[PDB]
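Take a look at the structure set out below.
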Amino acid sequence: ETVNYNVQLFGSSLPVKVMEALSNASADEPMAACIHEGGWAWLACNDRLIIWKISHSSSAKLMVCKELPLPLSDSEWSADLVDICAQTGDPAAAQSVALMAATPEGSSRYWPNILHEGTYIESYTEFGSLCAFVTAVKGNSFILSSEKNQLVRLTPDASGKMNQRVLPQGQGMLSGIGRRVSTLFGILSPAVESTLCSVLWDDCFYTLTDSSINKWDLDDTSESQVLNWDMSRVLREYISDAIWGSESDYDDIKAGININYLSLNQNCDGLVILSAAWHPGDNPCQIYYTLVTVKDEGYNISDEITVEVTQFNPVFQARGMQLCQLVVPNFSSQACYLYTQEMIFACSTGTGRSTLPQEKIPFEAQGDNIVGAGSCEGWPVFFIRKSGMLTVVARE
């Protein structure tokens, strides 16, 4: 088994529709799953979406599973482009639950109620031929986020229309900048890369790009831009120092260090950033994954940055193969779960004082795979190809 953890079935027996999709699915098939904080799970399987309430109780009269027909796309549908909204934020059966889906090109399909599966309205945004995310936010609305970090608010009206607008300073490219090299240097720079890594919904919506973190304060119909922080300027030395700082040639090494920012979550310590760093000329060249914790207090960064270097340290292969995501189920134990498709790393953040034992949990064996991860009630939840929903709980 695993050394310090129980890894076992979470909740009751899966819906029949979910079981068929899994038993039928081949290892060629891309499945993705959105495990939502409200206790509902959404499986994107071929051209349908299967949505069910995570059944903590086994009772059949409390059982909800609905299957929705996706809007046509030539690309694979993603559970990242797929999000749940609950009436007043309370998850209380099929009528409380509204649903949106987006395609990579920007086609939107919205169900006001998951009770009425044939009843939806449609709209379109627009993107380049883009990895996007769709995120449920306050006021029964949604933010659709481009690979180029164009952020669009989407608000269903009672007419059946979907209102849409771009976020302030969230045009994705250059906003109040023109087409020069140095002269239109203002809120953004010409030599900027604003490629999107992840987004986080707290009234606060954050974006993590390849260069910076931006934050918006929302209400039910608008957003106000709070800040953009050049975290590449701020954290670069702290990341490179925490890995190669005690090397004899640290000064020569550090100017060749590649850093990619991959995921953003939060806990009590503040914002938790997953970063991958490597040096090409290292022999052997390994990829160091770090958890960086910083405070979000007001509009500026504090002097206090912690960098924690994880056990996850694979060989560098290719930059396109640097895939790894972050889950933080418990806001107040300083514990984070790194994941890829084949394994989970239980990792620590911060001081490490209340952290759980660091361990690698394998889900690679016998066609097995990590299809997705989340949290239900502060419990780390993994959705596994062989075994369905599973929790990771400490043995002490």
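Within each chain, counting starts at residue 1; across the structure tokens, chains are named A, B, ... in the order shown, with ligands numbered 1 upward in that order.
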
In stretch 150-315 of chain A, DSSP strand (DSSP E or B) residues written as a PyMOL selection string: chain A and resi 151-156+162-166+196-201+204-209+212-218+223-230+258-267+270-278+286+288-294+297+300+305-309+315

Keeping only C-alpha atoms, write those residues as an mmCIF file, in the first residue's frame.
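Ended up saving to result_11.cif:
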```
data_model
loop_
_atom_site.group_PDB
_atom_site.id
_atom_site.type_symbol
_atom_site.label_atom_id
_atom_site.label_comp_id
_atom_site.auth_asym_id
_atom_site.auth_seq_id
_atom_site.Cartn_x
_atom_site.Cartn_y
_atom_site.Cartn_z
ATOM 1 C CA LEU A 151 -11.161 37.376 -19.439
ATOM 2 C CA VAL A 152 -14.872 37.649 -20.285
ATOM 3 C CA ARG A 153 -17.740 37.905 -17.771
ATOM 4 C CA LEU A 154 -20.828 35.893 -18.832
ATOM 5 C CA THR A 155 -24.163 36.724 -17.139
ATOM 6 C CA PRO A 156 -27.424 34.878 -18.018
ATOM 7 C CA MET A 162 -26.316 35.892 -22.144
ATOM 8 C CA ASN A 163 -24.764 39.297 -21.421
ATOM 9 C CA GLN A 164 -21.004 39.503 -21.902
ATOM 10 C CA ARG A 165 -18.212 41.990 -21.309
ATOM 11 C CA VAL A 166 -14.387 41.992 -21.109
ATOM 12 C CA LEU A 196 -2.499 32.054 -19.141
ATOM 13 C CA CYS A 197 -1.618 29.221 -16.729
ATOM 14 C CA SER A 198 -4.529 29.217 -14.337
ATOM 15 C CA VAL A 199 -7.310 31.159 -12.686
ATOM 16 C CA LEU A 200 -8.591 31.197 -9.113
ATOM 17 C CA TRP A 201 -11.980 32.237 -7.705
ATOM 18 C CA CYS A 204 -11.804 37.921 -5.704
ATOM 19 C CA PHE A 205 -10.835 36.490 -9.084
ATOM 20 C CA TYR A 206 -7.136 35.939 -9.850
ATOM 21 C CA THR A 207 -5.281 35.045 -13.016
ATOM 22 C CA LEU A 208 -1.837 33.528 -13.188
ATOM 23 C CA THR A 209 0.024 34.226 -16.451
ATOM 24 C CA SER A 212 2.349 37.886 -13.551
ATOM 25 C CA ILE A 213 -0.607 37.526 -11.161
ATOM 26 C CA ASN A 214 -3.589 39.817 -11.709
ATOM 27 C CA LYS A 215 -6.522 40.148 -9.261
ATOM 28 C CA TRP A 216 -10.058 41.570 -9.709
ATOM 29 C CA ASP A 217 -12.632 42.411 -6.980
ATOM 30 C CA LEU A 218 -16.139 41.460 -8.263
ATOM 31 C CA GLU A 223 -15.242 43.792 -11.676
ATOM 32 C CA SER A 224 -12.640 46.277 -10.557
ATOM 33 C CA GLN A 225 -8.955 45.604 -11.370
ATOM 34 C CA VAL A 226 -7.039 45.501 -8.058
ATOM 35 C CA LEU A 227 -3.449 44.837 -9.183
ATOM 36 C CA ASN A 228 -1.015 43.126 -11.514
ATOM 37 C CA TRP A 229 2.214 41.831 -9.844
ATOM 38 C CA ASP A 230 5.355 41.041 -11.843
ATOM 39 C CA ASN A 258 14.062 28.782 -16.724
ATOM 40 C CA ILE A 259 11.019 29.254 -14.433
ATOM 41 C CA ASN A 260 7.412 28.425 -15.441
ATOM 42 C CA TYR A 261 4.464 29.286 -13.169
ATOM 43 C CA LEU A 262 1.773 26.558 -13.466
ATOM 44 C CA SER A 263 -0.972 26.787 -10.870
ATOM 45 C CA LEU A 264 -2.355 29.083 -8.214
ATOM 46 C CA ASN A 265 -4.339 28.160 -5.162
ATOM 47 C CA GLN A 266 -4.668 29.650 -1.693
ATOM 48 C CA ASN A 267 -4.661 28.673 1.946
ATOM 49 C CA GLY A 270 -2.201 33.368 1.498
ATOM 50 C CA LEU A 271 -1.580 32.551 -2.161
ATOM 51 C CA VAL A 272 0.174 29.284 -3.065
ATOM 52 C CA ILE A 273 1.917 29.204 -6.474
ATOM 53 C CA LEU A 274 3.215 26.045 -8.145
ATOM 54 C CA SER A 275 6.383 26.780 -10.121
ATOM 55 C CA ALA A 276 8.661 24.543 -12.199
ATOM 56 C CA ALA A 277 12.332 25.565 -12.518
ATOM 57 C CA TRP A 278 15.270 24.029 -14.435
ATOM 58 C CA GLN A 286 16.128 17.786 -13.435
ATOM 59 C CA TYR A 288 12.448 21.259 -9.605
ATOM 60 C CA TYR A 289 8.817 21.838 -8.596
ATOM 61 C CA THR A 290 8.348 24.491 -5.903
ATOM 62 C CA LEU A 291 5.507 25.740 -3.792
ATOM 63 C CA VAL A 292 5.805 29.476 -3.280
ATOM 64 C CA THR A 293 3.629 31.101 -0.574
ATOM 65 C CA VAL A 294 3.068 34.852 -0.475
ATOM 66 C CA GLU A 297 -2.459 42.007 1.661
ATOM 67 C CA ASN A 300 1.452 45.135 -2.997
ATOM 68 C CA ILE A 305 8.228 34.849 0.350
ATOM 69 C CA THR A 306 8.632 31.187 1.338
ATOM 70 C CA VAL A 307 9.921 28.759 -1.286
ATOM 71 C CA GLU A 308 9.422 25.067 -0.578
ATOM 72 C CA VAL A 309 11.082 22.590 -2.991
ATOM 73 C CA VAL A 315 14.320 14.468 -15.412
#
```

Test item: residues at most 10 Å from residue A:39, only C-alpha atoms, excluding those fewer than 4 positions along its chain, as a VMD selection string: chain A and resid 35 52 to 56 91 to 92 375 to 377

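Closest approach to residue A:18 from the set A:97, A:50, A:136, A:356 is made by A:50, with distances taken over only C-alpha atoms.
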
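The residue that comes closest to residue A:17, out of A:64, A:96, A:161, A:126 and on the basis of only C-alpha atoms, is A:64.
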
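Comparing A:130, A:327, A:137, A:70 by their smallest distance to residue A:345, the closest is A:327 (using only C-alpha atoms).
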
Contacts of stretch 388-396 of chain A within 9 Å, only C-alpha atoms, excl. fewer than 6 positions in-chain, as a ChimeraX atom specification: /A:3-11,14,19,22,356-357,373,375-376,379-382
